[PDB]
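S.K.: Quick one: the structure is below, and I'll ask about it shortly.
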2 protein chains.
Amino acid sequence: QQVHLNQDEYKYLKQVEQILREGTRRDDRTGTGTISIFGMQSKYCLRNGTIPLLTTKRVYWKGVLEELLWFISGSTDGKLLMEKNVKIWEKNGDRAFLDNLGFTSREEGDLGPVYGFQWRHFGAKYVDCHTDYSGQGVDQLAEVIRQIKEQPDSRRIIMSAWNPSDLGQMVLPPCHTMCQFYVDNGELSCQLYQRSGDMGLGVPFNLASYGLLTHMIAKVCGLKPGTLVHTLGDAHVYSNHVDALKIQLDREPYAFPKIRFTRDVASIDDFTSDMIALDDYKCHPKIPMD
Amino acid sequence: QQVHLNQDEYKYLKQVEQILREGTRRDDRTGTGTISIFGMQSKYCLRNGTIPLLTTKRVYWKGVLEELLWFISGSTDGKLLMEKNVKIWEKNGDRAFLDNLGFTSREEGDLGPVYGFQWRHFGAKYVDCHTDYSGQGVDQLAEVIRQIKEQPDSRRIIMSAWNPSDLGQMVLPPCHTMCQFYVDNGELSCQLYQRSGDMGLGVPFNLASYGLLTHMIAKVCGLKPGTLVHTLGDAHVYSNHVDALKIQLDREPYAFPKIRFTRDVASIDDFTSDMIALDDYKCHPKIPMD
Ligand SMILES: O=c1ccn([C@H]2C[C@H](O)[C@@H](COP(=O)(O)O)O2)c(=O)[nH]1
Ligand SMILES: O=c1ccn([C@H]2C[C@H](O)[C@@H](COP(=O)(O)O)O2)c(=O)[nH]1
């Protein structure tokens with residue numbers, strides 16, 4: 001029967017199996033095939049410092065970590081993240097990518113009013129990735145933190161990246177579109193709504209990212225981490241990735257690693273990559289992709 | 001048994017039951033006790049005209065229908081609904097309610113930049129509930145319809161009411177915060193993200209509302225209805241509703257009613273209450289409590 005060291009990662013694999021077994025076979029934005037279920041939900045225990053970094057296929061932790069800190073900082077400048085040696089946004093801000101979208105006047109690495117800007121300045125008039133936006137638009141992350149501290153019973157602790165007014169100027173429309181927080185018996189929980197998820201790369205990354213976010217905010221608020229709830233619109237596997245995911249489905253998950261913060265923080269803006277430690281991230285062997 | 005005429009309503013009852021059994025006890029913003037689960041999801045088939053109006057406890061159909069048409073019209077004037085003998089917004093737009101929020105210059109019924117305003121003019125400058133907003137802000141509903149018709153493969157078909165810039169001026173923050181649409185083999189599906197849901201009174205109403213909207217857009221787009229995915233943040237039952245819900249839980253659901261449109265429509269703005277028929281809405285008798 002179903003006895004597993006890491007039940008939450010096992011359920012993830014079950015999620016992937018269900019997509020491949022019941023999913024619809026459609027052609028997507030690029031003309032490639034996906035196998036897809038619309039509407040899925042899964043839950044991940046964050047208690048005792050557990051962060052859900054998948055063990056059956058390695059997730060780029062360094063990238064997760066630096067992108068999150070960068071999001072939080074409000075930055076929309078791809079070059080700042082490249083300075084931290086993370087290159088996941090590089091191809092979305094280069095001359096060719098920008099020009100193809102009509103952003104011929106824009107400087108390289110200026111990603112437009114993407115996540116960081118929305119999280120910290122929702123409603124402000126975007127100029128460029130070098131403008132000082134202090135006190136412009138709504139600082140959602142700050143409000144979420146005040147709400148958690150002052151009104152922990154609230155059912156309105158929401159942060160959203162989905163800004164229709166700004167979509168035309170973003171290099172990519174937001175994928176993790178919004179999240180909601182929830183305080184129960186001194187524990188902080190988070191639900192991510194992600195409109196679109198690739199189960200082979202994107203989803204594991206987003207999973208770790210919001211897991212880390214919940215850990216950070218919990219610390220800032222003097223709370224213990226709770227449950228991450230991950231909700232998907234179009235959950236899919238690319239049809240060229242099926243063999244690779246099948247190899248992943250065959251593995252018995254290891255225990256998730258643990259997150260550890262090595263100093264105190266004054267606020268959500270007071271973390272640095274050197275004081276966020278990840279203990280015992282053990283992964284199964286590499287899975288080659290195509 | 002394990003077999004039901006209406007498996008979808010049966011699953012909703014099981015949802016209520018899961019909350020009562022596994023939910024956490026909380027005292028909310030109102031003061032009354034809730035029993036709560038954070039993060040739930042359920043699916044409702046809409047194929048062949050089916051609309052999930054609950055049968056074990058009657059849903060206020062006239063309210064659902066008139067509110068939706070009013071939403072689509074972009075109106076934020078509560079008096080238009082009161083003109084049709086729908087009083088669900090009355091408490092929220094009267095003198096004392098407005099004054100308590102500091103909207104002391106507002107006429108009665110001026111709900112602020114609520115749903116309808118966000119749907120048709122996201123990012124526009126709110127003045128009052130009589131202002132003509134043509135060409136101001138993003139018409140999200142029209143874009144959704146454009147995307148469904150022209151890019152049915154899109155994983156980006158989103159409409160959101162969650163506007164941080166406008167929250168302070170709304171009489172209530174949006175409860176059904178955003179929805180995503182999905183086209184598969186000519187079948188239109190919709191996922192609602194609801195941040196907060198009263199299983200007893202709110203949720204059934206929200207289900208019927210988004211069910212109806214999905215049927216409407218499907219007709220506009222020459223498509224067929226698919227599935228409604230209902231996602232909840234704080235899924236709760238009010239502690240004083242417990243006994244009446246226990247009664248409801250032993251009822252065997254009847255078949256859902258079906259929706260039928262009795263003439264063609266030029267666009268999403270061309271529906272009227274008289275041409276939306278609801279066939280065979282058969283319910284169990286009223287509950288001995290409220
Ligand atoms: O944070 C992200 C960003 C992207 N993707 C995946 C989902 C889609 O396969 C693709 C984005 O394409 P659209 O959904 O925008 O078409 O990348 C994720 O899983 N997570
Ligand atoms: O469309 C709605 C609006 C409200 N509610 C319920 C949920 C909560 O019980 C209450 C709103 O309170 P807050 O979640 O806003 O505190 O009404 C719904 O179920 N659906």
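Ligands are numbered from 1 in the order shown, residues from 1 within each chain, and chains are lettered A, B, ... in the order they appear in the structure tokens.
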Give the residue list for ligand 2 at 6 Å, counting only C-alpha atoms and all ligand atoms, as a PDB file with N, CA and C atoms, in the first residue's frame, sorted by chain and then by residue number.

M.R.:
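File result-v4.pdb, as written:
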```
ATOM      1  N   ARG A 155      -9.374  37.130   5.662  1.00  0.00           N
ATOM      2  CA  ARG A 155      -9.547  36.273   4.502  1.00  0.00           C
ATOM      3  C   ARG A 155      -9.294  37.077   3.219  1.00  0.00           C
TER       4      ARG A 155
ATOM      5  N   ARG B  29     -13.637  37.954  11.317  1.00  0.00           N
ATOM      6  CA  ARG B  29     -13.828  39.412  11.336  1.00  0.00           C
ATOM      7  C   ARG B  29     -15.211  39.821  11.867  1.00  0.00           C
ATOM      8  N   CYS B 175     -14.731  39.083  -3.710  1.00  0.00           N
ATOM      9  CA  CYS B 175     -14.685  37.771  -3.117  1.00  0.00           C
ATOM     10  C   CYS B 175     -14.311  36.713  -4.157  1.00  0.00           C
ATOM     11  N   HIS B 176     -14.978  36.753  -5.306  1.00  0.00           N
ATOM     12  CA  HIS B 176     -14.534  35.996  -6.459  1.00  0.00           C
ATOM     13  C   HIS B 176     -13.550  36.877  -7.170  1.00  0.00           C
ATOM     14  N   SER B 196     -12.494  33.440  -0.363  1.00  0.00           N
ATOM     15  CA  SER B 196     -13.261  33.218   0.839  1.00  0.00           C
ATOM     16  C   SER B 196     -14.639  32.727   0.467  1.00  0.00           C
ATOM     17  N   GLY B 197     -15.049  31.616   1.064  1.00  0.00           N
ATOM     18  CA  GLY B 197     -16.331  31.030   0.701  1.00  0.00           C
ATOM     19  C   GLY B 197     -17.154  30.473   1.841  1.00  0.00           C
ATOM     20  N   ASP B 198     -18.366  30.998   1.959  1.00  0.00           N
ATOM     21  CA  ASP B 198     -19.357  30.455   2.865  1.00  0.00           C
ATOM     22  C   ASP B 198     -20.074  29.311   2.150  1.00  0.00           C
ATOM     23  N   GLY B 202     -22.938  31.490   0.459  1.00  0.00           N
ATOM     24  CA  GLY B 202     -22.199  32.174  -0.596  1.00  0.00           C
ATOM     25  C   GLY B 202     -21.817  31.294  -1.776  1.00  0.00           C
ATOM     26  N   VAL B 203     -21.104  30.209  -1.490  1.00  0.00           N
ATOM     27  CA  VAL B 203     -20.564  29.337  -2.534  1.00  0.00           C
ATOM     28  C   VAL B 203     -21.587  28.852  -3.561  1.00  0.00           C
ATOM     29  N   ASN B 206     -22.138  31.617  -5.940  1.00  0.00           N
ATOM     30  CA  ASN B 206     -20.962  31.833  -6.794  1.00  0.00           C
ATOM     31  C   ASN B 206     -20.830  30.757  -7.868  1.00  0.00           C
TER      32      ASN B 206
END
```

S.K.: Give the residues of chain B that lie within 8 Å of chain A; count only C-alpha atoms, and format the answer as a PDB file with N, CA and C atoms, in the first residue's frame.

M.R.:
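The result, written out as iface_15.pdb:
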```
ATOM      1  N   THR B  24     -10.554  23.689  10.827  1.00  0.00           N
ATOM      2  CA  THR B  24     -10.101  24.368  12.034  1.00  0.00           C
ATOM      3  C   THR B  24     -11.136  25.383  12.511  1.00  0.00           C
ATOM      4  N   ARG B  26     -12.322  28.778  14.142  1.00  0.00           N
ATOM      5  CA  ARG B  26     -11.825  30.149  14.099  1.00  0.00           C
ATOM      6  C   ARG B  26     -12.940  31.131  14.415  1.00  0.00           C
ATOM      7  N   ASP B  27     -12.575  32.251  15.030  1.00  0.00           N
ATOM      8  CA  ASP B  27     -13.499  33.370  15.187  1.00  0.00           C
ATOM      9  C   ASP B  27     -13.055  34.520  14.280  1.00  0.00           C
ATOM     10  N   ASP B  28     -13.871  34.797  13.263  1.00  0.00           N
ATOM     11  CA  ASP B  28     -13.490  35.668  12.142  1.00  0.00           C
ATOM     12  C   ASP B  28     -13.661  37.174  12.402  1.00  0.00           C
ATOM     13  N   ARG B  29     -13.637  37.954  11.317  1.00  0.00           N
ATOM     14  CA  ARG B  29     -13.828  39.412  11.336  1.00  0.00           C
ATOM     15  C   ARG B  29     -15.211  39.821  11.867  1.00  0.00           C
ATOM     16  N   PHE B  38      -8.328  25.825   4.548  1.00  0.00           N
ATOM     17  CA  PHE B  38      -7.657  26.673   3.571  1.00  0.00           C
ATOM     18  C   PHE B  38      -7.219  25.866   2.347  1.00  0.00           C
ATOM     19  N   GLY B  39      -7.820  26.160   1.200  1.00  0.00           N
ATOM     20  CA  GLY B  39      -7.455  25.483  -0.041  1.00  0.00           C
ATOM     21  C   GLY B  39      -8.308  24.262  -0.304  1.00  0.00           C
ATOM     22  N   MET B  40      -9.262  24.426  -1.209  1.00  0.00           N
ATOM     23  CA  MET B  40     -10.122  23.345  -1.660  1.00  0.00           C
ATOM     24  C   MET B  40     -10.374  23.584  -3.133  1.00  0.00           C
ATOM     25  N   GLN B  41     -10.811  22.529  -3.818  1.00  0.00           N
ATOM     26  CA  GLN B  41     -11.092  22.582  -5.234  1.00  0.00           C
ATOM     27  C   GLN B  41     -12.065  21.465  -5.581  1.00  0.00           C
ATOM     28  N   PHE B 122     -10.800  48.055 -15.991  1.00  0.00           N
ATOM     29  CA  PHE B 122      -9.688  47.947 -15.045  1.00  0.00           C
ATOM     30  C   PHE B 122      -8.666  49.059 -15.323  1.00  0.00           C
ATOM     31  N   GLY B 123      -8.307  49.807 -14.279  1.00  0.00           N
ATOM     32  CA  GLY B 123      -7.297  50.873 -14.388  1.00  0.00           C
ATOM     33  C   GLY B 123      -7.836  52.267 -14.697  1.00  0.00           C
ATOM     34  N   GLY B 137      -9.834  52.471 -19.323  1.00  0.00           N
ATOM     35  CA  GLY B 137      -9.416  51.225 -18.695  1.00  0.00           C
ATOM     36  C   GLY B 137      -9.423  50.031 -19.634  1.00  0.00           C
ATOM     37  N   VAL B 138      -9.042  48.872 -19.105  1.00  0.00           N
ATOM     38  CA  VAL B 138      -9.034  47.641 -19.896  1.00  0.00           C
ATOM     39  C   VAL B 138     -10.384  46.938 -19.826  1.00  0.00           C
ATOM     40  N   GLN B 140     -11.599  43.859 -19.851  1.00  0.00           N
ATOM     41  CA  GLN B 140     -11.109  42.499 -19.657  1.00  0.00           C
ATOM     42  C   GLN B 140     -12.043  41.463 -20.258  1.00  0.00           C
ATOM     43  N   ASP B 153      -5.998  28.266 -27.790  1.00  0.00           N
ATOM     44  CA  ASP B 153      -4.941  27.490 -27.158  1.00  0.00           C
ATOM     45  C   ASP B 153      -4.322  28.245 -25.975  1.00  0.00           C
ATOM     46  N   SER B 154      -4.629  29.535 -25.862  1.00  0.00           N
ATOM     47  CA  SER B 154      -3.991  30.400 -24.880  1.00  0.00           C
ATOM     48  C   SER B 154      -4.163  29.953 -23.422  1.00  0.00           C
ATOM     49  N   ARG B 155      -3.058  30.022 -22.683  1.00  0.00           N
ATOM     50  CA  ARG B 155      -3.037  29.718 -21.260  1.00  0.00           C
ATOM     51  C   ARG B 155      -3.038  31.032 -20.455  1.00  0.00           C
ATOM     52  N   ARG B 156      -3.563  32.088 -21.079  1.00  0.00           N
ATOM     53  CA  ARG B 156      -3.487  33.460 -20.564  1.00  0.00           C
ATOM     54  C   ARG B 156      -4.866  34.135 -20.539  1.00  0.00           C
ATOM     55  N   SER B 160      -9.695  39.508 -13.861  1.00  0.00           N
ATOM     56  CA  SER B 160      -9.501  39.725 -12.436  1.00  0.00           C
ATOM     57  C   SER B 160     -10.249  40.943 -11.933  1.00  0.00           C
ATOM     58  N   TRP B 162      -9.448  41.790  -8.687  1.00  0.00           N
ATOM     59  CA  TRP B 162      -8.515  42.222  -7.661  1.00  0.00           C
ATOM     60  C   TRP B 162      -7.650  43.385  -8.094  1.00  0.00           C
ATOM     61  N   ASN B 163      -8.106  44.599  -7.777  1.00  0.00           N
ATOM     62  CA  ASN B 163      -7.384  45.820  -8.125  1.00  0.00           C
ATOM     63  C   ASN B 163      -6.945  46.583  -6.870  1.00  0.00           C
ATOM     64  N   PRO B 164      -5.678  46.384  -6.437  1.00  0.00           N
ATOM     65  CA  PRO B 164      -5.156  47.027  -5.221  1.00  0.00           C
ATOM     66  C   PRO B 164      -5.346  48.548  -5.156  1.00  0.00           C
ATOM     67  N   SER B 165      -5.242  49.231  -6.297  1.00  0.00           N
ATOM     68  CA  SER B 165      -5.399  50.690  -6.336  1.00  0.00           C
ATOM     69  C   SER B 165      -6.813  51.115  -5.942  1.00  0.00           C
ATOM     70  N   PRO B 173     -14.292  44.246  -0.542  1.00  0.00           N
ATOM     71  CA  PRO B 173     -13.268  43.756  -1.469  1.00  0.00           C
ATOM     72  C   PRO B 173     -13.810  42.565  -2.279  1.00  0.00           C
ATOM     73  N   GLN B 180     -10.139  32.080 -14.855  1.00  0.00           N
ATOM     74  CA  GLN B 180      -9.399  31.720 -16.047  1.00  0.00           C
ATOM     75  C   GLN B 180     -10.260  30.844 -16.937  1.00  0.00           C
ATOM     76  N   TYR B 182     -10.580  28.298 -20.552  1.00  0.00           N
ATOM     77  CA  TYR B 182      -9.811  27.222 -21.169  1.00  0.00           C
ATOM     78  C   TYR B 182     -10.651  26.571 -22.267  1.00  0.00           C
ATOM     79  N   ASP B 184     -10.968  23.558 -25.109  1.00  0.00           N
ATOM     80  CA  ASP B 184     -10.516  22.227 -25.475  1.00  0.00           C
ATOM     81  C   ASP B 184     -11.578  21.567 -26.356  1.00  0.00           C
ATOM     82  N   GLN B 191     -12.140  28.450 -14.543  1.00  0.00           N
ATOM     83  CA  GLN B 191     -11.726  28.235 -13.161  1.00  0.00           C
ATOM     84  C   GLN B 191     -11.886  29.526 -12.366  1.00  0.00           C
ATOM     85  N   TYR B 193     -11.099  31.536  -8.937  1.00  0.00           N
ATOM     86  CA  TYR B 193     -10.421  31.616  -7.650  1.00  0.00           C
ATOM     87  C   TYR B 193     -11.242  32.455  -6.676  1.00  0.00           C
ATOM     88  N   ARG B 195     -11.375  33.685  -2.817  1.00  0.00           N
ATOM     89  CA  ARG B 195     -10.494  33.848  -1.654  1.00  0.00           C
ATOM     90  C   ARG B 195     -11.166  33.408  -0.357  1.00  0.00           C
ATOM     91  N   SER B 196     -12.494  33.440  -0.363  1.00  0.00           N
ATOM     92  CA  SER B 196     -13.261  33.218   0.839  1.00  0.00           C
ATOM     93  C   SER B 196     -14.639  32.727   0.467  1.00  0.00           C
ATOM     94  N   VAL B 229     -14.338  24.844 -12.693  1.00  0.00           N
ATOM     95  CA  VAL B 229     -13.413  24.518 -11.622  1.00  0.00           C
ATOM     96  C   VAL B 229     -13.531  25.575 -10.524  1.00  0.00           C
ATOM     97  N   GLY B 233     -10.007  29.723  -1.275  1.00  0.00           N
ATOM     98  CA  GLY B 233      -9.032  30.068  -0.248  1.00  0.00           C
ATOM     99  C   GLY B 233      -9.534  29.516   1.074  1.00  0.00           C
ATOM    100  N   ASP B 234     -10.124  30.385   1.890  1.00  0.00           N
ATOM    101  CA  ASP B 234     -10.714  29.982   3.167  1.00  0.00           C
ATOM    102  C   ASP B 234     -12.114  29.422   2.923  1.00  0.00           C
TER     103      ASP B 234
END
```

S.K.: Which residues are close to residue B:247, i.e. within 10 Å by only C-alpha atoms, leaving aside same-chain residues fewer than 4 positions away? Reply as a ChimeraX atom specification.

M.R.: /B:56,242-243,251,287-289

S.K.: So which residues of stretch 62-235 of chain B fall under helix (DSSP H, G or I) by DSSP, listed as a PyMOL selection string?

M.R.: chain B and resi 62-73+78-82+90-92+95-101+115-121+140-150+167-169+202-220

S.K.: Excluding same-chain residues fewer than 2 positions from residue A:204, what lies within 7 Å of it counting only C-alpha atoms, as an MDAnalysis selection string?

M.R.: chainID A and resid 53:54 59 199 201:202 206:208

S.K.: Write out as a list in words each polymer residue whose atoms come within 9 Å of residue B:186, counting only C-alpha atoms; drop sequence neighbours fewer than 3 positions from it.

M.R.: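 Listed by chain and then number, they are residues 152, 183, 222, 223, 224, 225 and 226 of chain B.
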
S.K.: Residue A:65: which residues within 9 Å, counting only C-alpha atoms, same-chain residues fewer than 2 positions away excluded, as a PDB file with N, CA and C atoms, in the first residue's frame?

M.R.:
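Generated output (selection_25.pdb):
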```pdb
ATOM      1  N   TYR A  60      16.756  24.031  -9.701  1.00  0.00           N
ATOM      2  CA  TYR A  60      17.844  25.003  -9.644  1.00  0.00           C
ATOM      3  C   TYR A  60      17.662  25.959  -8.455  1.00  0.00           C
ATOM      4  N   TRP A  61      18.090  25.499  -7.279  1.00  0.00           N
ATOM      5  CA  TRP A  61      17.900  26.237  -6.031  1.00  0.00           C
ATOM      6  C   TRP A  61      18.463  27.637  -6.044  1.00  0.00           C
ATOM      7  N   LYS A  62      19.707  27.775  -6.499  1.00  0.00           N
ATOM      8  CA  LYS A  62      20.342  29.091  -6.649  1.00  0.00           C
ATOM      9  C   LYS A  62      19.464  30.071  -7.432  1.00  0.00           C
ATOM     10  N   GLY A  63      18.879  29.591  -8.525  1.00  0.00           N
ATOM     11  CA  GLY A  63      17.983  30.401  -9.346  1.00  0.00           C
ATOM     12  C   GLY A  63      16.710  30.774  -8.606  1.00  0.00           C
ATOM     13  N   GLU A  67      16.154  34.779  -7.634  1.00  0.00           N
ATOM     14  CA  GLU A  67      14.992  35.386  -8.281  1.00  0.00           C
ATOM     15  C   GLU A  67      13.981  35.897  -7.262  1.00  0.00           C
ATOM     16  N   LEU A  68      13.750  35.131  -6.202  1.00  0.00           N
ATOM     17  CA  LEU A  68      12.832  35.571  -5.165  1.00  0.00           C
ATOM     18  C   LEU A  68      13.295  36.869  -4.502  1.00  0.00           C
ATOM     19  N   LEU A  69      14.538  36.900  -4.026  1.00  0.00           N
ATOM     20  CA  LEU A  69      15.096  38.118  -3.412  1.00  0.00           C
ATOM     21  C   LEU A  69      14.990  39.313  -4.345  1.00  0.00           C
ATOM     22  N   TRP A  70      15.207  39.050  -5.628  1.00  0.00           N
ATOM     23  CA  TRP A  70      15.122  40.052  -6.685  1.00  0.00           C
ATOM     24  C   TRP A  70      13.698  40.533  -6.885  1.00  0.00           C
ATOM     25  N   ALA A 208       9.025  25.606  -5.133  1.00  0.00           N
ATOM     26  CA  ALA A 208      10.123  25.989  -4.249  1.00  0.00           C
ATOM     27  C   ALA A 208      10.124  27.493  -3.952  1.00  0.00           C
ATOM     28  N   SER A 209       9.837  28.292  -4.969  1.00  0.00           N
ATOM     29  CA  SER A 209       9.827  29.740  -4.817  1.00  0.00           C
ATOM     30  C   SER A 209       8.812  30.244  -3.771  1.00  0.00           C
ATOM     31  N   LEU A 212       9.678  29.036  -0.258  1.00  0.00           N
ATOM     32  CA  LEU A 212      10.664  29.938   0.335  1.00  0.00           C
ATOM     33  C   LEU A 212      10.033  31.248   0.798  1.00  0.00           C
ATOM     34  N   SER A 273      21.278  36.365   0.262  1.00  0.00           N
ATOM     35  CA  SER A 273      21.453  34.946  -0.109  1.00  0.00           C
ATOM     36  C   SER A 273      22.414  34.167   0.794  1.00  0.00           C
ATOM     37  N   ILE A 276      20.451  32.555   3.989  1.00  0.00           N
ATOM     38  CA  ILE A 276      19.447  31.518   3.720  1.00  0.00           C
ATOM     39  C   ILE A 276      20.164  30.226   3.364  1.00  0.00           C
TER      40      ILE A 276
END
```
